[PDB]
Amino acid sequence: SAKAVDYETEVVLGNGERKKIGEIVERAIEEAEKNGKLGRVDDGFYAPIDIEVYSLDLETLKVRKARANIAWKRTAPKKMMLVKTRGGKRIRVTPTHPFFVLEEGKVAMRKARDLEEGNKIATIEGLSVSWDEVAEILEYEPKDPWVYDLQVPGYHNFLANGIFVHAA
């Protein structure tokens with residue numbers, strides 16, 4: 001099953017205005033369709049990209065610019081989850097998409113469908129990294145039949161919708 005996010009999740013770029021992940025991915029897919037670099041998996045596609053994102057270092061909690069190098073487009077699952085935090089962040093993800101959760105001094109990863117209210121996830125507040133309690137998780141059936149992801153070597157996350165979203 002796909003670990004991925006909704007089209008409209010807005011990725012913070014290190015060197016321009018923030019952009020919907022669906023736009024980033026579909027442009028990369030369209031170009032790779034024509035130059036022979038398109039990759040195919042049973043439930044979707046990958047294509048090369050070269051963009052600058054912001055990533056959290058989970059050991060030091062520093063935010064660093066980092067490069068993302070693969071764009072992923074996958075069939076949406078039958079159900080999706082809207083995750084809302086107390087600090088105001090909202091994101092729509094697949095049910096198995098993992099989040100960094102800080103629990104009793106350690107960070108572990110937890111699937112969206114396994115999150116409970118009060119679980120603290122990694123976010124930005126203004127310009128500060130913040131561990132932010134989940135407020136509610138709500139299942140919905142998607143209208144958009146595609147979901148999206150990026151690969152970020154080393155870090156496996158990128159800042160989007162004010163959340164450090166786990167990545168390929």
# chains A, B, ... in the order shown; residues from 1 in each chain; ligands from 1
$ residues_around --residues "residue 69 (chain A)" --least-positions-apart "2" --cutoff "8 Å" --atoms "only C-alpha atoms" --output "list in words"
residues 48, 49, 50, 51, 67, 71, 150, 151, 152 and 153 of chain A
$ residues_around --residues "residue 36 (chain A)" --least-positions-apart "4" --cutoff "10 Å" --atoms "only C-alpha atoms" --output "ChimeraX atom specification"
/A:31-32,47
$ select_by_dssp --residues "region 5-110 of chain A" --states "strand (DSSP E)" --output "ChimeraX atom specification"
/A:10-11,19-20,39-41,44-56,63-75,80-85,90-93,98-103,106-110
$ closest_atom_pairs --of "region 126-164 of chain A" --to "region 89-104 of chain A" --cutoff "9 Å" --atoms "only C-alpha atoms" --output "CSV"
residue,atom,partner,partner_atom,distance
A:131,CA,A:102,CA,7.3
A:132,CA,A:89,CA,8.8
A:139,CA,A:95,CA,8.4
A:147,CA,A:94,CA,7.9
A:160,CA,A:91,CA,8.5
A:161,CA,A:91,CA,6.5
A:162,CA,A:89,CA,6.1
A:163,CA,A:89,CA,7.0
A:164,CA,A:100,CA,8.0
$ write_last_selection --atoms "N, CA, C and O atoms" --output "CSV table (one decimal), in the first residue's frame"
chain,number,residue,atom,x,y,z
A,131,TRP,N,7.0,20.0,18.7
A,131,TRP,CA,6.3,18.7,18.8
A,131,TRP,C,4.8,19.0,19.2
A,131,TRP,O,4.5,19.6,20.3
A,132,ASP,N,3.9,18.6,18.3
A,132,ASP,CA,2.5,19.2,18.3
A,132,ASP,C,1.5,18.0,18.4
A,132,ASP,O,1.5,17.1,17.6
A,139,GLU,N,-11.2,9.9,8.8
A,139,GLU,CA,-11.2,9.1,7.5
A,139,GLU,C,-12.1,9.8,6.5
A,139,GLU,O,-13.2,10.3,6.9
A,147,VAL,N,-2.2,9.9,-5.3
A,147,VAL,CA,-1.5,10.4,-4.2
A,147,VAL,C,0.0,10.5,-4.6
A,147,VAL,O,0.5,9.9,-5.5
A,160,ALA,N,6.0,20.3,4.7
A,160,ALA,CA,4.9,20.6,3.9
A,160,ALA,C,3.7,20.8,4.9
A,160,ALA,O,3.5,20.0,5.8
A,161,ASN,N,2.9,21.8,4.6
A,161,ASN,CA,1.7,22.1,5.4
A,161,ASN,C,2.1,22.3,6.9
A,161,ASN,O,1.3,22.0,7.8
A,162,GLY,N,3.3,22.8,7.1
A,162,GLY,CA,3.8,23.0,8.4
A,162,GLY,C,4.2,21.8,9.2
A,162,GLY,O,4.5,21.9,10.4
A,163,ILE,N,4.2,20.6,8.5
A,163,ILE,CA,4.6,19.3,9.2
A,163,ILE,C,5.8,18.7,8.5
A,163,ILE,O,6.0,18.9,7.3
A,164,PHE,N,6.7,18.1,9.3
A,164,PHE,CA,7.8,17.4,8.7
A,164,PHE,C,7.3,16.0,8.3
A,164,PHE,O,7.2,15.1,9.1
$ residues_around --residues "residue 79 (chain A)" --least-positions-apart "3" --cutoff "7 Å" --atoms "only C-alpha atoms" --output "list in words"
residues 139, 140, 141 and 142 of chain A
$ residues_around --residues "residue 33 (chain A)" --least-positions-apart "5" --cutoff "12 Å" --atoms "only C-alpha atoms" --output "PDB file with N, CA, C and O atoms, in the first residue's frame"
ATOM      1  N   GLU A  26       3.543  15.834 -11.026  1.00  0.00           N
ATOM      2  CA  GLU A  26       2.994  15.624 -12.361  1.00  0.00           C
ATOM      3  C   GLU A  26       3.867  16.262 -13.430  1.00  0.00           C
ATOM      4  O   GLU A  26       3.990  15.698 -14.527  1.00  0.00           O
ATOM      5  N   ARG A  27       4.505  17.409 -13.137  1.00  0.00           N
ATOM      6  CA  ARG A  27       5.400  17.997 -14.133  1.00  0.00           C
ATOM      7  C   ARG A  27       6.588  17.087 -14.395  1.00  0.00           C
ATOM      8  O   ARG A  27       7.048  16.964 -15.544  1.00  0.00           O
ATOM      9  N   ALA A  28       7.108  16.466 -13.335  1.00  0.00           N
ATOM     10  CA  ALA A  28       8.255  15.593 -13.493  1.00  0.00           C
ATOM     11  C   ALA A  28       7.873  14.337 -14.256  1.00  0.00           C
ATOM     12  O   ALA A  28       8.652  13.835 -15.084  1.00  0.00           O
ATOM     13  N   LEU A  38      10.886   7.626 -17.347  1.00  0.00           N
ATOM     14  CA  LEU A  38       9.747   7.321 -16.493  1.00  0.00           C
ATOM     15  C   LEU A  38       9.907   5.921 -15.932  1.00  0.00           C
ATOM     16  O   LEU A  38      10.211   4.979 -16.680  1.00  0.00           O
ATOM     17  N   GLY A  39       9.709   5.780 -14.626  1.00  0.00           N
ATOM     18  CA  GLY A  39       9.726   4.475 -14.000  1.00  0.00           C
ATOM     19  C   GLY A  39       8.308   4.041 -13.698  1.00  0.00           C
ATOM     20  O   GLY A  39       7.442   4.861 -13.450  1.00  0.00           O
ATOM     21  N   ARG A  40       8.072   2.742 -13.712  1.00  0.00           N
ATOM     22  CA  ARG A  40       6.738   2.245 -13.427  1.00  0.00           C
ATOM     23  C   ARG A  40       6.804   1.207 -12.323  1.00  0.00           C
ATOM     24  O   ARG A  40       7.717   0.380 -12.301  1.00  0.00           O
ATOM     25  N   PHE A  45       4.052   5.350 -10.583  1.00  0.00           N
ATOM     26  CA  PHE A  45       5.122   5.883 -11.405  1.00  0.00           C
ATOM     27  C   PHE A  45       6.140   6.631 -10.563  1.00  0.00           C
ATOM     28  O   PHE A  45       5.797   7.228  -9.547  1.00  0.00           O
ATOM     29  N   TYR A  46       7.389   6.653 -11.038  1.00  0.00           N
ATOM     30  CA  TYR A  46       8.384   7.556 -10.471  1.00  0.00           C
ATOM     31  C   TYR A  46       9.122   8.255 -11.602  1.00  0.00           C
ATOM     32  O   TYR A  46       9.134   7.784 -12.744  1.00  0.00           O
ATOM     33  N   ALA A  47       9.715   9.393 -11.263  1.00  0.00           N
ATOM     34  CA  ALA A  47      10.445  10.182 -12.237  1.00  0.00           C
ATOM     35  C   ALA A  47      11.525  10.964 -11.508  1.00  0.00           C
ATOM     36  O   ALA A  47      11.340  11.352 -10.353  1.00  0.00           O
ATOM     37  N   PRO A  48      12.617  11.269 -12.163  1.00  0.00           N
ATOM     38  CA  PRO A  48      13.664  12.074 -11.516  1.00  0.00           C
ATOM     39  C   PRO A  48      13.207  13.508 -11.317  1.00  0.00           C
ATOM     40  O   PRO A  48      12.481  14.086 -12.136  1.00  0.00           O
TER      41      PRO A  48
END
$ closest_residue --among "A:63, A:57, A:72, A:154" --to "residue 6 (chain A)" --atoms "only C-alpha atoms"
A:72
$ closest_residue --among "A:168, A:122, A:2, A:61" --to "residue 78 (chain A)" --atoms "only C-alpha atoms"
A:2
$ atom_distance --atom1 "CA of residue 22 (chain A)" --atom2 "CA of residue 84 (chain A)"
20.4 Å
$ closest_residue --among "A:148, A:83, A:130, A:76" --to "residue 29 (chain A)" --atoms "only C-alpha atoms"
A:148
$ select_by_dssp --residues "chain A" --states "helix (DSSP H, G or I)" --output "PDB file with N, CA and C atoms, in the first residue's frame"
ATOM      1  N   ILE A  21       2.463  19.538  -3.985  1.00  0.00           N
ATOM      2  CA  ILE A  21       3.255  18.387  -4.361  1.00  0.00           C
ATOM      3  C   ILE A  21       2.732  17.770  -5.659  1.00  0.00           C
ATOM      4  N   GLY A  22       1.436  17.783  -5.863  1.00  0.00           N
ATOM      5  CA  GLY A  22       0.894  17.211  -7.092  1.00  0.00           C
ATOM      6  C   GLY A  22       1.431  17.913  -8.319  1.00  0.00           C
ATOM      7  N   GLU A  23       1.580  19.228  -8.228  1.00  0.00           N
ATOM      8  CA  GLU A  23       2.146  19.982  -9.352  1.00  0.00           C
ATOM      9  C   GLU A  23       3.602  19.579  -9.604  1.00  0.00           C
ATOM     10  N   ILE A  24       4.419  19.568  -8.555  1.00  0.00           N
ATOM     11  CA  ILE A  24       5.822  19.129  -8.655  1.00  0.00           C
ATOM     12  C   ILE A  24       5.902  17.750  -9.292  1.00  0.00           C
ATOM     13  N   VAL A  25       5.107  16.791  -8.786  1.00  0.00           N
ATOM     14  CA  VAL A  25       5.251  15.441  -9.294  1.00  0.00           C
ATOM     15  C   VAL A  25       4.746  15.309 -10.734  1.00  0.00           C
ATOM     16  N   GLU A  26       3.543  15.834 -11.026  1.00  0.00           N
ATOM     17  CA  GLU A  26       2.994  15.624 -12.361  1.00  0.00           C
ATOM     18  C   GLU A  26       3.867  16.262 -13.430  1.00  0.00           C
ATOM     19  N   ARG A  27       4.505  17.409 -13.137  1.00  0.00           N
ATOM     20  CA  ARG A  27       5.400  17.997 -14.133  1.00  0.00           C
ATOM     21  C   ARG A  27       6.588  17.087 -14.395  1.00  0.00           C
ATOM     22  N   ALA A  28       7.108  16.466 -13.335  1.00  0.00           N
ATOM     23  CA  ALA A  28       8.255  15.593 -13.493  1.00  0.00           C
ATOM     24  C   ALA A  28       7.873  14.337 -14.256  1.00  0.00           C
ATOM     25  N   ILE A  29       6.679  13.823 -13.978  1.00  0.00           N
ATOM     26  CA  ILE A  29       6.160  12.655 -14.698  1.00  0.00           C
ATOM     27  C   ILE A  29       5.979  12.971 -16.175  1.00  0.00           C
ATOM     28  N   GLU A  30       5.398  14.125 -16.479  1.00  0.00           N
ATOM     29  CA  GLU A  30       5.174  14.473 -17.887  1.00  0.00           C
ATOM     30  C   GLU A  30       6.495  14.560 -18.659  1.00  0.00           C
ATOM     31  N   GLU A  31       7.528  15.134 -18.045  1.00  0.00           N
ATOM     32  CA  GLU A  31       8.787  15.263 -18.752  1.00  0.00           C
ATOM     33  C   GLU A  31       9.438  13.896 -18.936  1.00  0.00           C
ATOM     34  N   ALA A  32       9.378  13.045 -17.892  1.00  0.00           N
ATOM     35  CA  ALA A  32      10.020  11.730 -17.974  1.00  0.00           C
ATOM     36  C   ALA A  32       9.284  10.807 -18.942  1.00  0.00           C
ATOM     37  N   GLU A  33       7.957  10.997 -19.113  1.00  0.00           N
ATOM     38  CA  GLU A  33       7.228  10.242 -20.144  1.00  0.00           C
ATOM     39  C   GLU A  33       7.880  10.396 -21.511  1.00  0.00           C
ATOM     40  N   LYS A  34       8.380  11.587 -21.806  1.00  0.00           N
ATOM     41  CA  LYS A  34       8.877  11.882 -23.141  1.00  0.00           C
ATOM     42  C   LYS A  34      10.379  11.661 -23.299  1.00  0.00           C
ATOM     43  N   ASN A  35      11.143  11.592 -22.198  1.00  0.00           N
ATOM     44  CA  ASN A  35      12.571  11.441 -22.393  1.00  0.00           C
ATOM     45  C   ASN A  35      13.064  10.049 -22.035  1.00  0.00           C
ATOM     46  N   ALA A 112      -0.465   6.788  10.007  1.00  0.00           N
ATOM     47  CA  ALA A 112      -1.572   7.725  10.224  1.00  0.00           C
ATOM     48  C   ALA A 112      -2.759   7.042  10.907  1.00  0.00           C
ATOM     49  N   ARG A 113      -3.111   5.831  10.438  1.00  0.00           N
ATOM     50  CA  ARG A 113      -4.256   5.103  10.976  1.00  0.00           C
ATOM     51  C   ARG A 113      -4.021   4.579  12.386  1.00  0.00           C
ATOM     52  N   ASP A 114      -2.781   4.625  12.882  1.00  0.00           N
ATOM     53  CA  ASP A 114      -2.449   4.201  14.247  1.00  0.00           C
ATOM     54  C   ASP A 114      -2.268   5.391  15.194  1.00  0.00           C
TER      55      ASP A 114
END
$ closest_residue --among "A:127, A:137, A:121, A:88" --to "residue 109 (chain A)" --atoms "only C-alpha atoms"
A:121
$ closest_atom_pairs --of "region 38-88 of chain A" --to "region 17-20 of chain A" --cutoff "12 Å" --atoms "only C-alpha atoms" --output "JSON lines"
{"residue": "A:51", "atom": "CA", "partner": "A:19", "partner_atom": "CA", "distance": 11.2}
{"residue": "A:52", "atom": "CA", "partner": "A:18", "partner_atom": "CA", "distance": 10.9}
{"residue": "A:53", "atom": "CA", "partner": "A:18", "partner_atom": "CA", "distance": 9.5}
{"residue": "A:54", "atom": "CA", "partner": "A:18", "partner_atom": "CA", "distance": 11.0}
$ closest_residue --among "A:42, A:56, A:157, A:134" --to "residue 82 (chain A)" --atoms "only C-alpha atoms"
A:134
$ closest_residue --among "A:159, A:167, A:70, A:138" --to "residue 115 (chain A)" --atoms "only C-alpha atoms"
A:138
$ residues_around --residues "residue 74 (chain A)" --least-positions-apart "4" --cutoff "6 Å" --atoms "only C-alpha atoms" --output "list in words"
residues 43, 44, 146 and 147 of chain A
